[PDB]
Structures are given as structure tokens and as C-alpha cells.
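Chain by chain, the residues:
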Amino acid sequence: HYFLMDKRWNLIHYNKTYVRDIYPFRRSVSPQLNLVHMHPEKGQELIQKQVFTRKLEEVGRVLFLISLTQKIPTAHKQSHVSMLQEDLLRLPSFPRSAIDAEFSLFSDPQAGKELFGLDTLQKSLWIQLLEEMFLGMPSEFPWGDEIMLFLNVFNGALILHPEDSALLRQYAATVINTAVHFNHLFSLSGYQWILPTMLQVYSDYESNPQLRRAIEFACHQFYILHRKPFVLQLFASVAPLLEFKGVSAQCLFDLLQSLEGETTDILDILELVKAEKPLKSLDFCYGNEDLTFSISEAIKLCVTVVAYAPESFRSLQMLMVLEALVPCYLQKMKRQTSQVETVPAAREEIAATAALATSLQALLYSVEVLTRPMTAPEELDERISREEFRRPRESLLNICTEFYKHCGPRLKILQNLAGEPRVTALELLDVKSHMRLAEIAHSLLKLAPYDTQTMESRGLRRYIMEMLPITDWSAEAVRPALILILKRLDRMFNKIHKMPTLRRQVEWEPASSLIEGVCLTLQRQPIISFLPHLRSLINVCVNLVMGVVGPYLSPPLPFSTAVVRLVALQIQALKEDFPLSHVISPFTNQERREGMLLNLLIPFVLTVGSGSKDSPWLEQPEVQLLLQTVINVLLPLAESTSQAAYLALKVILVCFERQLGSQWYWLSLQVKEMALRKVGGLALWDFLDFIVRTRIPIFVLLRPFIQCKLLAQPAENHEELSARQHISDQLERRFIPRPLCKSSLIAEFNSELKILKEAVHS
Amino acid sequence: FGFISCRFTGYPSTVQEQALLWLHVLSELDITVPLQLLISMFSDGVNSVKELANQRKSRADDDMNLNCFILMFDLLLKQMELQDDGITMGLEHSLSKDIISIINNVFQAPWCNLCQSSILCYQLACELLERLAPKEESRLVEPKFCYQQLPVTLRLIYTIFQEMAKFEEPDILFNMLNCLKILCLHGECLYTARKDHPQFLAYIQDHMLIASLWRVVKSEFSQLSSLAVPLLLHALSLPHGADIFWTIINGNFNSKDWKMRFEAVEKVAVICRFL
Amino acid sequence: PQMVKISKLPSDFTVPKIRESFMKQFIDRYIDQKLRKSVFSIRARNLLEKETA
């Protein structure tokens, strides 16, 4: 209800107006105001009216100055312009006055749109006045960071009224006029003061095709004036705005694709350009028929900026730009070659992929100082240094992995559809490139054990799990990259397994991801199995899974599963060079057999036996060895050890049922001896109940002993009495066909293993 | 496709959305569901939604209905990319008329996230109209009635204007003006209305066409005017347009309210910008 | 006119014509995807977002 009001001069003050703007004189007598109580609607109406009048006054002031400047003769033009520029600079509130708006008054349905019209007029007038000032200053005027003070107004006018066509084309015309006039400034800088705003507006108003067309036309004219410097400045000004709000990675590619093709002038921007000629390159060196700006040229530019100074901050900006551009470029190439006939497009896409491969091999060759490890460097500064270390390496790994993954199968398909076998399968990312990727990943891995963020890095994970498997690893030339990666992984996991328990705090999700990448590489190319570093890595992983005190914290389910899968794959590859008996020998001793059963043997049998009706991955001698190991844990005992042994016996009997073959009589004899000796004591009746439930091939052999003999013996305790009664009930007058494709049995085994594992540590 | 088909003949948007989703998953696999059956079951679905809404009104879902319609338009577009290849059926086609009727009913049907879904629905309808159009702007200018018994395109134009009277978001109005440009231009809908349905064109001209095109002309959103002005010129070439425009200009510029003249100056300037 | 020359390139990559001065001064310094367009445009047009910018 209450409004500040002036009675001497009939003024009611809008809240967002600065006091000194209206009362500017520092006279002895201070202004006197009244806290006038008004009906809020009446007060807001008065404020709207007076604000409109004030804005019209400001419009008149700007117009008066514009006319005064235009009346000045050809001489005295530079003096007048310099006076204006210095006056604006020394004015403490120049950009604020020329850029502000009444956002609290635009929303009113009454007298709100009139203020908006006046605001559009005022912004256009300010743009025209600043262009008049700019054109009249020396073209080689020594500028600095102060030019932003004058260019922000332009940007301000494009934030408030981007969709206004008159304002948009006025902005484009004046920016082109300043780029032409201050050519030297805008050939090295200047676009950095302007391009981020245009990119933000282009990305924000994606739904506005007219605004996007105007921005694309303006960028095309910029490329016409300054060709390579403008593209480099565009990438430098889009790098902070890229996201993986913010300028997307697709709108940048849309802008580039608009750059490569000529665009029509729908808003007649060129007619407002003061130097309105067929626009040419303002630099004679770039004078050429390079009106086409290929995306390949942009990729080469980014590669070159990185090659110039790999460790520069601008280098990592251009690496981010490349990481944003290359996926879009590959998808666009695929779409273009899919939309047209394969016969003509195959050659074009093959040539484009070869060009991109050469560009990326140049990028990898010209970056060897990023292969160096992080030289040992308050805490925030160290974290910033580590992030700046990790960023370029991660971006390079991502770029190379994405390109290789997309263009491997794509190149194979193209050569199949090329119509001519003369096209040789050019090995994109040659040996030196693979070595570069491996050494970059090696530096990241060397940093990893001390940084939780480095091992969680998406670039390193993508390289390990999606680039190592893809590589051939058949030729001896490429193998040393894999050997280096394997040696680094072996060393880091050995250090984790080593004396320092603090190193064990490393998150096991990234470690399991690395092991999964190794497993995928081994499965894809079994030929890499003979590498000694791989054997050492598998040995270290096995020692990690087993509870071993450094010469403890058990690794979680994912890491243990990955290690067990690696062991299974290695045993599958090396039939006799890596026997499972060798894996299980260092743990068959007492005080360690329980951990072997619950951490290696049972997970191994679950991983190998399950997954198919038949499991030929494990050979007969290995099955015999595992059965002997379990029975030796049983026959020649602790309660938990006996329970684990019986669970492992069940798992082997079910998973490896077919593999046992003609080995049921001896198993029946061993089980009968176990029953006679009361080896289990407890849960032996549970084992017999399991045998009766599943009716496994030993059930038919053990039926007489269980029925006529075992049940004849009297019960000792109620705990065994209940199990004996349940077994007797399950023997006769109970069919209950529970088995079903072995899935339920495997689920039961896994659940019992989890329960026993949880019970052991507690 | 009986199990999908049954889901649309008399069930609310909750039931129909499941079928539309598991038909979307089929379309993602390039499984060519025949377009005639798809159109028939979509007409059945829209009619069922409308009948259920009418029953609810008589006895006396919005996001659900709008999402169902978005999926409907999207599936029509995706299946037309697998069957209607190499030929653009004109607006006067057996199935194009059915698609136009579906779009008409969807626009008429009772529909932050709501605004985005509405914009998407209008955009997909515009894409469908582009697919059904000759895809080439004809000559822009040439140098009561019964609401039914009209060609479906005339009803669609009528309802697009009627709905555009109820919206203010620039994206919505841009998509609706784009639909009209596909209908009024890109196809002699209003020309054939003049030739065959003079009363309907007279009613549209006198009541909705130029008034709404004048309303949608704004300097802040010149994207809207980029589509409004060609449609406005096409309307002026048609009968009864010159008189309505004359009355609009005379009433606005001669108004005593200085705000009305202030707005009319902007309107005429923006009209001139895109002439 | 000194132009940017870089060594250790694969000999198949021709460095673009960039001036050394510019390089020195440069180094020294549900269908939710479809609705994202509308969401971005509506957010941009909102007076609060323009005021914040």
C-alpha cells in the first residue's frame, strides 16, 4: 500500500530504480520524500505511467545524441567519437543504464507491453549509437577488456529481445560492422566477447527457426570475414558453454553444418552492413575460395590447437570441443550415407573416415607430453591440478574410443558394400596411436589409486572396457600397448593387495570395471592369454579375493565375480598351461580351505556350470580334482567348514551333473562313508534332504541306505529329529517335482552361499 | 493385431496408452503395421476418449489423454516412414482425410509439462500435415453453412483457428500457424472453399481468419509473424478479406486510446517487415 | 607472414594455415528429448531467466 513519493516534483518511485539516478545532485538540501499510503493498484498505475514517461525521455536522449553525432562534419568526427567513448567509460553507470530493464513492470497485463515496446526501441537505439561511435573511431584503436563494456550492451539487447527480428538483424548488422571495422581486434579476440552470447541465444531458442537462421547467417558472414581465427574463437567461446543453461553438443554441430552450406538472408542483414559489398576475407592470407567450412576442417583446427601446446588450458578446451564434435560428425555421416544410395556414398564415407583417422592419428602423435605421469605436486589447489591433469587424457581416450568403435564396424560394412575389393582395410589408429592411447591410460591409472575421481573417470573406463577388446592384439607390433596396460594393472592391484591397508580403501566398482575390461579383452581375443603379465594379474586378483593379511576387508560381490570370471576364462583358454589345480593348491591347507570354498570354489562352479544346460568349459580332470578337493574337505571338522563343504558338494553335483558321467557309484560310497562317520553332524541331514528333493543321480543309488538303513537308526536330538521326519515324509507319499531347468537350484545355491558368507564374518 | 485393436474400441487413455506403448516398441523394430488398421484403431481410440469425456460431463486424464495423442501422432509418423515411401498422398486422399479427421478430433479433444506436451502434440500434427501435403507452396495469391458435409480440411482449419484463439505461447502459435500454412497454402483448401463452399469461407473471413492473424502478429515474437503475414496476404486475396482488414486498420489507427494506436503501429510495421 | 608450423606430425596431416601471432595470442590467454526443445525455449523466454542473465 505504501509508496515512496515526491511531492515537490510529482514523482512516485519505482522500487528497482537507483536513488542517485533520479536525485543526482549533491546539494546541501537532501531530497524530501513521503511514505504515501495508496491503494496498490493506483500506486502501480502511477508507477507504470511515470516509468513509461521516463523511458521515453531516455529514448529521446539517445536519439538526440545520435542526431548530434550524425550532424558533426567529416572532420571533428574522430574527436567527437573519442569524447563519447571516454565519457561512457568514465560514466560509473553506463552499461547498467544502457542495459537494464523493468522486469517487475513487464509482467503487468496493463501498461506492461508498452514498456516492452519502448525497451525494444531503446535497445535498438543504443546499438545504433554504439555502432555510430565505433564507426568513426580509428580502425586500429588500441582496445583492451574495456571493449566488453561497450559490447555487453549489444549482448544485453540480445538477451531481452532475441526473437525480435528488427533487434536481431540490427544486432547482426552492427556486429558485422564492428568485425569489419575493428578487423585486427576481431581477428585475435573480440569474437570472444560476442560469440558466447550468440551461442547461448542460438541454443536457448532452438524452437525459433528464424532466430537460428539469422544467427547461422551471421556466423557464415563471420567465417567469410575471418575464416580460421573465427572458428578458433568460436570453439574457445563454446568450450565453457558445452555440457555433457548451457550450449548443447548438437546445436554446435548444427551451427557448423549451417556454416558449411550457403544460407539465404531472410531478414536482409547485409543491407544494413555499412561496408556492404560481396564480403571477402579481411586477411589477404585467407583470401581464397574457401567459402565452404567443412567439419573436417574444424576437427583439423582443434587437433592443431592441441598439437601446438598440448598442456595449455586452451588445449583442453579444444579437446572438449573435439569430444563434442566427433560423435555428431560420425552420426551425421552414417545418416547421410544411409539416406542415399550405397554405391556413390561408400567412397565418400570411406574417404571421410580415412581423413578423420589421419586427423586423429595426428592428434595422438602430436601429444606425447600427456603420456607423462603426474609429477608429484593447498589441498584444493592439488585437486584442481589433478583435475587439470586428468581432463585432457580422459578427453583423448573418449575421442579415440568413440571414433574407433563407430568406424570399425562401419568401415567393414562399407567395404562389404563398396562394390570393389580394391579398397584396402586401412588400419585406423595404427601401432603408434594404440601406444599413445595405452600410455595415456597408463598415466591415468598411475594417478588412479590415490584419486577416487580418477578411477571413476568415464574416459579411462571406456578405454579399458570398450577399446582394449576391440583392438586385434594379434600382430606383435600392437601387443606392447596391451602389455603396458596389463603391467600397470598388475602393479596397482599388487600394491592394493600389498602391506598398506589404506590403499584397500580404493572403491571396488572402478577396479571391477577394469577387471571386466580385461575379461572382455581376453574373451574377444584368447591369443593374449599367454602374456605373463596377464597371469601375474590373475594371480594377484585371486590373492585379493581370498582373505589374505598383508605380509581384512573382503572384496564385494562385483569384484569377486569379475575375478572369478577372469579365472574361468583363463582356464578355458589355457587348457593345461593354467590348471585349476594350480589355482586351488595354495589354499587346500587347513585354516584357509573355508575361504577357498566360500570365495573361489563355489563362485567358480556357479559361474562355470550355470548359464547353460551343458557346461563344456571345464574338462573332466578338473571336475575330478574339484570333487576330490571337496570330499577331502569332508572325509579326512568345523561346523562352518562342514556346511561350506556340503554346499560346495551340492553345487558341484548339480552344476557338473553331466560331466560326472560314470562316477556315481564312488560318489555314493563316499556319501555313505560321510553318513556313517557323521561328518556333518549338523546339516548332513540337510544335505540328504537336498538329495531327496532334487532326486539327483545319486538319489537312486542312496535310496536303499537312506530308507531301510538310515531311517532305522534312532534319532538323537529334536533338531535332527525334525530333519529326519522331513526326509522320511519326502521319501514316500511325496513326489513334489521341484526341479526346473536348474535355475531354481542355482538361485538356491547362490542364496545359501550369501547367507553362509554373511554368517561367517559375523 | 487383434489384441492391440481391441484396446482402443472403448477404453480410457490408461488402457490405450499401454497398447500405444507396446505398438511403439514394435515400430522401433521397423515392423510395418498396415496404415489402414492403424488409422482405424486410432480413430476408434480418439472416439472412445471423446465418448468417455462426454459421459463424464453428462453424469455431472488430461496429461494421460495428451500423452496418448502424442504417441498416436508419433506412431502414425513412424509407420508412414516404413509404408508410405516414395509418394506423398495429397490432402484429398482416402487415408489423408482419415488422418486429418484424427488430427481434428485430437485438437478438439479435452487434453509446465502440460505446455511442453501440448507443443509437442501440435508439432507432430504439423509433421503429419507436411507428410500429407504436396510439399510445395503454390501461388500465394491469384492476380448458415453446415459444419459437417465440409471437407475434413476445412473443419481442421476452423478448429485450428478456434484453438489458436485460446493460446498465447509462441511455440503453440507457431506450430498452429505452420499447420495452417500447410493447409491454407501448400494445398488449395481455402481456394476450394471459395470455389465450392462460399458461405463457409465468408464466415471464416468475417469471424476468425484475419482477426486471429492480426492478433498473432507481434514484434516480440516475429517468428509468429513470419507465418502470419503470408497467411494474411492469402486471406486478403480471398473474398471478404479486404473489408475485414479495412475495418481492423481503420478502427485501430483511429482509436482514441493511444495504447491501441501504439499497438497498431507495431502490428503494421511487423506486417510490412515480412511483405 | 609467419605461419604455424608443428613438428612430429604423421607426415599425412597438413597443418592449417594459421598465423603464428594468432596462435601465440590464443594460447597465452517418454519422448523427453522432443520436449527438451520446448522446455529450453520456454525457460529462455521466461522473464526470470532473462532477468538473471
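Please refer to the structure higher up on the page.
A.B. asks: Is there a simple way to think about the overall build of chain B in this case?
C.D. replies: The helix and strand inventory of chain B stands at 13 helices and zero strands. Reading the secondary structure of chain B in the N-to-C direction produces α-α-α-α-α-α-α-α-α-α-α-α-α. Taking 275 residues into account, the globule formula puts the C-alpha radius of gyration at 19 Å, and chain B, at 20 Å, falls close to it. For chain B, the spread of C-alpha atoms along the three principal axes comes to 65 × 45 × 35 Å. Here chain B displays about 12,700 Å² of accessible surface, and carbon together with sulfur accounts for 55% of that area.

A.B. asks: What's the story with the environment of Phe253(A) in this structure? I'm lost.
C.D. replies: Residues and elements named next belong to chain A. Mapped onto the elements, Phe253 comes out in helix α13 (residues 249–260). Placed 67 residues apart in sequence, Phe253 and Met320 show a C-alpha to C-alpha distance of 13 Å. For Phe253, the contacting residues outside a window of four places in its chain are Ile295, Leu325, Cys328, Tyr329 and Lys332.

A.B. asks: Please clarify how the interface of chain A and chain C should be interpreted in this entry.
C.D. replies: Interface size is commonly expressed as the accessible area that is lost once the parts come together. Between chain A and chain C, the contact holds 45 residues from the first and 32 residues from the second. Approximately 3,500 Å² of surface area, both sides summed, lies buried where chain A meets chain C, with 69% of it carried by carbon and sulfur atoms. Our count for the chain A to chain C interface comes out at two salt bridges. Salt-bridge contacts for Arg45(C) lead to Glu163(A); the nearest nitrogen and oxygen are separated by 2.6 Å. The interface formed by chain A and chain C holds eleven residue pairs in polar contact in total. Put simply, the parts of the chain that give the side of chain A that touches chain C at least two residues each are α5 (103–106), α7 (146–160), α10 (191–204), α12 (228–238), α14 (295–308) and α16 (342–365) of chain A. The element best represented in the side of chain A that touches chain C is α14(A), accounting for eight residues. Here the residues of the side of chain A that touches chain C sort into 22 nonpolar, 14 polar and nine charged.

A.B. asks: Is there a simple way to explain the interface of chain A and chain B in this structure?
C.D. replies: Each partner contributes to the interface: chain A provides 17 residues, whereas chain B provides 14 residues. Taken as a group, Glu114(A), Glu163(A) and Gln210(A) account for 35% of the area that chain A buries against chain B, more than any other trio of residues on that side. Our count for the chain A to chain B interface comes out at one salt bridge. Taking the shortest distance from any N to any O, the salt bridge between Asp164(A) and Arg273(B) comes out at 3.7 Å. Where chain A meets chain B, there are seven residue pairs in polar contact. Of all the elements in the fold, those that place two or more residues in the side of chain A that touches chain B are α6 (113–134), α8 (165–181) and α11 (209–225) of chain A. Residue composition of the side of chain A that touches chain B, by class: six nonpolar, seven polar and four charged.

A.B. asks: Help me understand the state of the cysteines in this model?
C.D. replies: In a disulfide, the sulfur atoms of two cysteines are held together by a covalent bond. Residues and elements named next belong to chain B. Scanning the entire structure with this criterion turns up zero disulfides over all chains. Between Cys121, a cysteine without a disulfide, and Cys179, which holds the nearest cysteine sulfur, the sulfur-to-sulfur distance is 9.3 Å. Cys121 sits in the buried class, given a relative accessible area of 0%.

A.B. asks: Mind showing me how you'd approach helix α28 (residues 639–655) of chain A here?
C.D. replies: Every α-helix carries 3.6 residues per turn, so stepping three or four residues along brings you back to the same face. Here α28(A) is 17 residues long and its end C-alpha atoms lie 24 Å apart, about the 24 Å a rise of 1.5 Å per residue gives. Counting buried residues along α28(A), 14 of its 17 residues qualify, which places the element largely inside the surrounding structure.

A.B. asks: I would appreciate a short explanation of empty space enclosed by the protein in the present structure.
C.D. replies: Over the atoms, a rolled probe matching the size of one water molecule traces out where space is still vacant. All names here are of chain A. Size it by volume and the largest cavity reaches roughly 80 Å³. Forming the walls of the largest cavity are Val564, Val567, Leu580, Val583, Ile584, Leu600, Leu601, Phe604 and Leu626. Elements with a minimum of two residues in the lining of the largest cavity: α24 (557–573), α25 (580–584) and α26 (593–609). Within the lining of the largest cavity, the residues separate by chemical class into nine nonpolar, no polar and no charged. Along the walls of the second largest cavity sit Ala448, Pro449, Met455, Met492, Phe493, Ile496, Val506, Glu507, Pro510, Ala511 and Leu514, which together make up its complete lining. Elements that contribute at least two residues to the lining of the second largest cavity include exactly α21 (479–497) and α22 (508–524). Here the residues of the lining of the second largest cavity sort into ten nonpolar, no polar and one charged.

Cut-offs used in this document
- Residues numbered from 1 in each chain as written, not as in the entry; some residues may be left out.
- Chains lettered and ligands numbered in written order.
- Part of a larger assembly, values for the part shown.
- Heavy atoms only, no water.
- Residues with missing side-chain atoms left out of burial classes, pairs and counts.
- Helix = DSSP H or I, 4+ residues; strand = E, 2+ residues; numbered from the N terminus.
- Rg over C-alpha atoms; globule rule 2.2 N^0.38 Å.
- Areas by Shrake-Rupley, 256 points an atom, 1.4 Å probe, with all protein chains shown as cover.
- Contact = heavy atoms within 4.5 Å.
- Buried area = accessible area lost by both parts, 1.4 Å probe.
- Salt bridge = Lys/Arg side-chain N within 4 Å of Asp/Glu carboxyl O.
- Polar contact = N/O pair within 3.5 Å; in protein donor to acceptor, adjacent residues only side chain to side chain.
- Nonpolar A, V, L, I, M, F, W, Y, C, P; charged D, E, K, R; others polar.
- Disulfide = S-S within 2.5 Å.
- Buried < 20%, exposed > 50% of the residue type's maximum accessible area, 1.4 Å probe, protein only.
- Expected span 1.5 Å × (residues − 1).
- 1 Å grid on protein atoms, 1.4 Å probe; cavity = no way out; pocket = protein on both sides within 12 Å on 5 of 7 lines; lining within 4 Å.
- Points joined across faces, edges and corners; volume = space filled by probe spheres on them.

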